[PDB]
Each structure stands twice: as structure tokens, then as C-alpha cells.
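Some notes on the structure that comes next.
Every number here is computed from the coordinates shown, using simple stated rules; none is lab data. When we count neighbours, we look across all protein chains shown, and the Cβ atoms used for this are built from the backbone with ideal geometry, even at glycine.
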Ligand SMILES: [Ca+2]
Ligand SMILES: [Ca+2]
Ligand SMILES: [Ca+2]
């Protein structure tokens, strides 16, 4: 018997607003100048956004427009009124970004596991499915009374590595003041969010019949986002990745262009791990890549299969080194990373996404691995 | 045959400046009102500090003094001139903190391992020893030409879990513009920083005779800190903990009062794991604690010993449940957390410190565990 809990948040959570604004600036610059170098951090607090950092780009028009990119992103998230705690059209926006016209000892991790169709650990996969659906029923008008800020927590009970029970689900969501928590919110969330996600997943062993469901356990949640709070870019890196189930090297993703190895190699490592698992080489795998200063190619590639391998782990390591080219330049080319694809990654997780198609989630190396093992 | 790399940074690194400022504010508030509730975030970029968030406190004088607390912390770090890229006496300081007068589904981790006297993984333990000594030789006048910003990277080679070789050390440090990199910095850092740390540690198996040493491999490093950069609180959470060696639930520490379980329970988990290893019950251990909403005491406690246990892992779990009271109220009492002890934690790691005495590092439960096993 083990319990494992992971968490996700909606795009309206103040830290996630920051990640999305940072990545929205990044996408605007890449769309006009694919070689842009970008290190952009966002802060939010009551009624203000502060965007800072450094850019090297030829995309002068997009750079000029950053103030409008900020506002439009916030509006798209759904903050369009002080009654909601925040209004993208009228909040303060301050830009302190340095602008110009035109490496590491490292140990990066990737992970995949056959507990879900998307090959992610179940607690985080379910938490992200729930937070994404919470947003979906607001935006599609099914529960139009919802507001952007929200959080999901999923606790799974395991016996001998098998997920056997959905122990607890917590869903906190912002909403209009006049909504009855017990008569309206609780059954609507159970029906439109929890039940539809569980149906979608159709898990083979997860028994959800006795789940303890807590919807807004602390009561009314009328104001949200930056209101009476603060958020920063890169403060949800466990939410962005594997929900605590896998190890983390420490780099945040959002607001960084693909030349930042923190981002692109983390994406490659997910890609490698996912294809290893999808190929049938192991039921779960953590993949490690070792980099050296002055060398482009890795100096080490190590697999941990936690006893779950179907073949010698040393053979898996050799097959990876044969199939994948993990030089940064090769990664950037092969995953086609110099494109404005990043704003969608800034909430609901960078890995295992069921609603968007990301290059590092493609199972396009399964055949190659099978031929090389 | 495995490599592992971890990194540390000095108190002058821009992310760490933010953590230090956040915890300096926290300390000032706790010194006058131990019951203060604090969620304070700090951002820095070229020439400015922006401190935001929320506070509930009776410490009105301390709150009024926040602008001076900021400046004094930055001066203490060593930024006192535009020549260094930043001056605490004359930079921009903007305070946007809400102020007034007067739980979760969770799974937190702690880790310990017998690879160092401080019972921390060797790569991060050495990286922190190095970054701390780099600061020390600047402040004590031995290498007075150094400036605050700096970074260390340590790569260790392992054979069957034994640390056998110090593979690579990178030390990057800020310094005055008139310093010769080859004639001065290179041998000074090797002699005063690397050599002294390795002599201090006197490791039993780590062979350092063939170490690749890189001092400032990208050359001159004259401006630093926030200059031409940006930092935010809570962007070094892996540096703050186990250097990527252990799993992380996701919460940052700095700028949060001890009622934040993200902070206090992480500290108690380290305390638990450290006492387990010190008691000789396992050579390495990850301890996980599961909390439920509406319940003070944990609903689960799990021990992973990675095959290194001296006794049944299950007997270790039982002894922990008997010896430790992991209710947050108990943890705050027993570790005596409502005191201004946090500013020193904000750089060089929260765990495994050789230069300061922290309550969650005391081996005061080794005897208890031995009697309960
Ligand atoms: Ca809030
Ligand atoms: Ca293929
Ligand atoms: Ca810098």
C-alpha cells in the first residue's frame, strides 16, 4: 500500500499566468525571428504585471508590441474584470527587458511509464486532465459561471505498483459570487469535470467508486489570479513535468528560447523515455544524459528501469546512443524547436498532453529503437 | 560506470539575491511578530529590486523598514558599486506588498545518504562546500578582488554506487576587470577554494588526482548579479535541496513563513531521513509523507532504502511513526521554527550545511530511533 499525490493548476493560477505571458513573448519573437535569444521572466501581483529580462532579436515590431501581447494573453485566459480580481485591459503593465540586435557540465532526466495512454505517471496525468477540462467547460460555455483560477489534486492508492483506487480528488475553482456551492458547484464539477475525465481515461485498474471528492473545500472562491497574491515565471516546474514522480535537474522552461539546454534537452529526454516505453523495452524508465563543457555530444547516457525492463538495461542505453543524436543543434533541428509553439505548453503540463501535439511526444522513434535493440 | 553532476551558486547569483531578500524580510517580521504570515516574492533585474506578495503581521515598524532591509541585505552580499554591476545603496527598490493586521492533499520527500559527513549526496555537498568557500575567501580578504556572483559544478564518477573519481570541477566567479585570468584567478581558485575544500572533506574513496578543473571557462566575468540578467525568488529549488539526486514535490522555501507546509514539512522530512541514516538503519533513504485534507497527522509514511537497509524497511517506517510527530503544529514546536533563522538558509543549500547549525540537521533522534527499532 502506497499513496501518491500530484497537483495541477489552470492557466488562471497566478504562477501559470506568468509562465504563459513569458512564453507568449517568446512565441511573438520567434515567429518573426526564429534565431531570437530570449530570457524573459514575468511577475504578477494585485493589479500589475512586471516583465523583465533580456532579448537579442531582429523582431523589433514584435518587441514593440510586448505590452499588447501581455494584455491579450491575460484577456484570453479570461481575466477581463476587476470583479474577477483582475482585468487584462486595465491592469498595470511594466516592461523592464534589455534589448539588443545580434557550455555546461549537465545531468538531465526524462521519464515515461505505462500507467496511462499518454505514458505519464497517473497522479499528474489525471491532475492535468482535470485542470484542462475545468478550463474547457468554462470556455465552451457548459459551466459559464466559472472563472479562470483553479487547482486540482489527485491522490492514487497503489498496491505492488498497480494503481488500484482513486483515493481523493480536490478541485478548487474560481466562480461567480451567486453560485450555490452545494446545490450547483459540487454536482456540476463532479459531472462535467471529474466524470467526463474518468470516462475519457477509461483506466483498466483504477477503481474510482469510493473516491473522496472535495470541490472548493475552503468555500467561496470569487476573486482570483494575482488578486491578493503574487505569481512568478518558473515556480511550477514540478507541475510542468512529472508531478513529483520523477527526478528534476532544476531548470524552469517558460520564457527561454530553445538554445537553453534546460528546456530543449529536458524535452529530448522526455522524447527518449517515451519511445523507450512505447517500444516495449521497459514498463517504466528514467533516462539520464551527461554533458561535458567543450563537447557537443553527451559523455554518458544512463537508463534506470526500476526492475521493469524487458531487455538488458545496458542494451537500452546502447540503442539510445545509436538512435538519438542528443547534440543541442541536432535536438533543435529534429524536434523543429525554432517555431512559435510554446505558449500552449505554459499550462496543463509540458509532457503527456492529450489536447495538443508536441514534437517531443511523438512516438516516431519506436521503430528505430526496435531495430537497434 | 555512472556520472552525476550537481551545481551550487553563491549568494550573489541573481536568483539567490531574491531568496535572500525574501527571507531577510521574513526574519525581520518574525523577530518582532513570531506569528506573522508571510508570502513575499522578490524579483531583480538591471538596477532594480521589486518585492511583492502578502503579509499579515503586528510588526509594523519592521514592515515600514523593508526598503532598508532590502538595501542592507544587498550590500552585505557585496554589491556596493555600479562597477560590480549593482549597488545596494543606490539601486531601484519598489515594494508592492499587501499588508494587514491579524489543509492540502500532499506528499513531501526527505533524503539522506552516507557519502559525506553531512549525510548529503556527494555532488551537491561538494558543490555547496565550494560555493560557500568561494564566498568566504572574498569576504575574509584572502582573494579581495573577487565579486559576489559565482557558480560551481561538480561531476562525480561512480562504480557500483561507490564515488570513485572527482571527474570535473567548474568554478565560475565574478572578479575585478584588472585581474589576469591565467596568472591570478586560475591558480588562486585552485589553491584557495578547490584545494582547501577537498582537504576539509578528506573523502575516503574520492580520487581527485585526475580532476578536470575549469575556472571561468567562458573568460572574463566582471559584471554580475542582476546586471544584464534577471532573478526571482524560488528559482533554485534543486540547488536548495538535493541537487537532482532526490525527488522534489515542487514548493520553493524562501519568503514563506513556517505555517507553509511546503517549507516546514520538507525540513522535517530531511530531519527524519538524516536521523535514519545516522542511526545506521540504511546507508541511503528517501522518506515520503502523505497528508490528507481535514487531518493533522500524516495518513501515510513510506521509506525507500534502495536495497541499502540494515533492517527491514517496514521496521524503519514503524520506528519513524513512533518517534516523530509529523503534525505541522508539532513540527513547528519541535524544530522551534518561529524565529528569525531563515536568511542564512537562502544560499548554500537548506540541507547538509557545514557552516551553520539548523534544527532539521540535528542528530537528536538517533537514540530514539535505535530504541524503537
Ligand atoms: Ca490566491
Ligand atoms: Ca522512425
Ligand atoms: Ca548573469
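If Rh is defined by the Kirkwood formula over all Cα pairs and Rg also comes from Cα, what ratio Rg/Rh do you get for region A:1-117?
Checking Rg against Rh, the ratio lands at 1.08.
Two decimals, Cα atoms only, Kirkwood Rh: what is Rg/Rh over region B:171-214?
Radius of gyration over Kirkwood radius for region B:171-214 works out to 1.04.
Of all DSSP beta bridges located in the protein assembly as shown, what percent are antiparallel, nearest 5? Each step should come with its number before you reach the end.
Details: 96 of 124 bridges.
The antiparallel proportion sits near 75 percent.
Send over the per residue convex hull volume for region B:227-283, Cα only, as a whole number of Å³. The partial results should precede the final answer.
Working: hull volume 6.0 nm³, N = 57.
Once divided by residue count, the hull of region B:227-283 is 105 Å³.
Which whole number gives the average, over all residues in B:287-293, of C-beta atoms from other chains lying within 10 Å of the residue C-beta? Walk me through the numbers before you get to the answer.
On the way: counts 0, 5, 0, 6, 3, 7, 8.
Counting other chains' Cβ atoms within 10 Å and averaging over B:287-293 gives 4.
Would you mind listing how long region B:240-373 runs along its three principal axes, going by Cα atoms, in whole Å with the largest first?
For region B:240-373, the Cα spread along each principal axis is 39, 37, 26 Å.
Would you mind computing, in nm to one decimal, how far apart the modelled labels at residue B:186 and residue B:72 are, each placed 7 Å from Cα along Cα→Cβ?
4.3
How large is the convex hull of the Cα atoms of region B:304-371 per residue, expressed in Å³ as a whole number? Intermediate results must be reported in sequence, preceding the final value.
Values: hull volume 8.7 nm³, N = 68.
Expressed per residue, the convex hull around the Cα atoms of region B:304-371 is 128 Å³.
Tell me the relative contact order for region A:120-162 as a rounded percent, counting alpha carbon contacts under 8 Å between residues six or more apart.
Values: 23 pairs, mean separation 19.7, N = 43.
About 46 percent, as a whole number.
At 37 °C and a viscosity of 0.692 mPa s, what translational diffusion coefficient does Stokes-Einstein give for chain B, taking Rh as the Kirkwood radius over Cα pairs? Give it in µm²/s as a whole number.
Values: Rh = 21.5 Å.
Rounded, D is 153 µm²/s.
Report Rg(Cα)/(2.2 N^0.38 Å) for region A:98-211, keeping two decimals.
Ratio of Rg to 2.2 N^0.38 Å for region A:98-211: 1.37.
If you put a point 7 Å past Cα along the Cβ direction, how far is that point for residue A:31 from the same point in each other copy, in nm, smallest first?
Spacings between copies for this position, smallest first, are 5.0 nm.
Measuring nothing but label to label, 7 Å from Cα along Cα→Cβ, what are residue B:364's distances to the other copies in nm, shortest first?
Label-point separations across copies, in nm and ascending: 5.8.
Across peptide A:228-238, how many C-beta atoms of other chains are within 10 Å of each residue C-beta, on average?
Details: counts 4, 6, 13, 2, 11, 4, 6, 9, 1, 7, 6.
Per residue, the average neighbour count from other chains is 6.
Per the Debye formula with a single identical scatterer at each Cα and no solvent contribution, what log10 I(q)/I(0) holds for region B:74-132 at q = 0.22, 0.23 Å⁻¹?
The calculated log intensity ratios at q = 0.22, 0.23 Å⁻¹ are -0.85, -0.89.
Given contacts defined as C-alpha pairs under 8 Å and at least six residues apart, what's the relative contact order of region B:235-330, whole-number percent?
Working: 103 pairs, mean separation 20.5, N = 96.
In percent, rounded to a whole number, it is 21.
In region B:43-89, how does Rg compare with the Kirkwood Rh, expressed as the Rg/Rh ratio over alpha carbon atoms? Could you put the intermediate results ahead of the total?
Numbers: Rg = 12.4 Å, Rh = 11.8 Å.
Computed over Cα atoms, the ratio is 1.05.
Treating the Cα atoms of region B:151-299 as identical point scatterers in vacuum, please give the log10 of the normalised Debye intensity I(q)/I(0) at q = 0.15, 0.20 Å⁻¹, two decimals.
Taken in order of the listed q values, log10 I(q)/I(0) reads -1.05, -1.30.
Placing the label point 7 Å from Cα along the Cα-to-Cβ direction, what are the distances from residue A:296 to the equivalent spots in the other copies, shortest first, in nm to one decimal?
6.1
For the pair residue B:176 and residue A:142, how long in nm is the line joining their label points, each one 7 Å along Cα→Cβ?
6.8
Give me the one-decimal Kirkwood hydrodynamic radius in Å for the protein assembly as shown, with the sum taken over alpha-carbon pairs.
26.3
Expressed in nm², what is the orientationally averaged projection area of the convex hull enclosing the Cα positions of region B:26-68?
Numbers: hull surface 12.0 nm².
Mean projected area for region B:26-68: 3.0 nm², to one decimal.
Just grab the label-to-label distance for residue B:209 and residue A:310, each label 7 Å out from Cα along the Cβ direction, in nm (one decimal).
4.7
As an exercise, use a Förster radius of 22 Å and the Cβ-Cβ distance of residue B:100 and residue A:81 to find the FRET efficiency, rounded to the nearest 0.05. Intermediate results must be reported in sequence, preceding the final value.
Details: r = 24 Å, r/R0 = 1.09.
Step by step, r from the Cβ atoms, then E = 0.35.
At 222 nm, what value in deg cm²/dmol follows for chain A if DSSP H runs of at least 4 each add -39500 (n - 2.57) and the sum is divided by all its residues, to the nearest 500?
Numbers: 10 runs with 107 residues, N = 373.
Counting only the DSSP helices, I get -8500 deg cm²/dmol.
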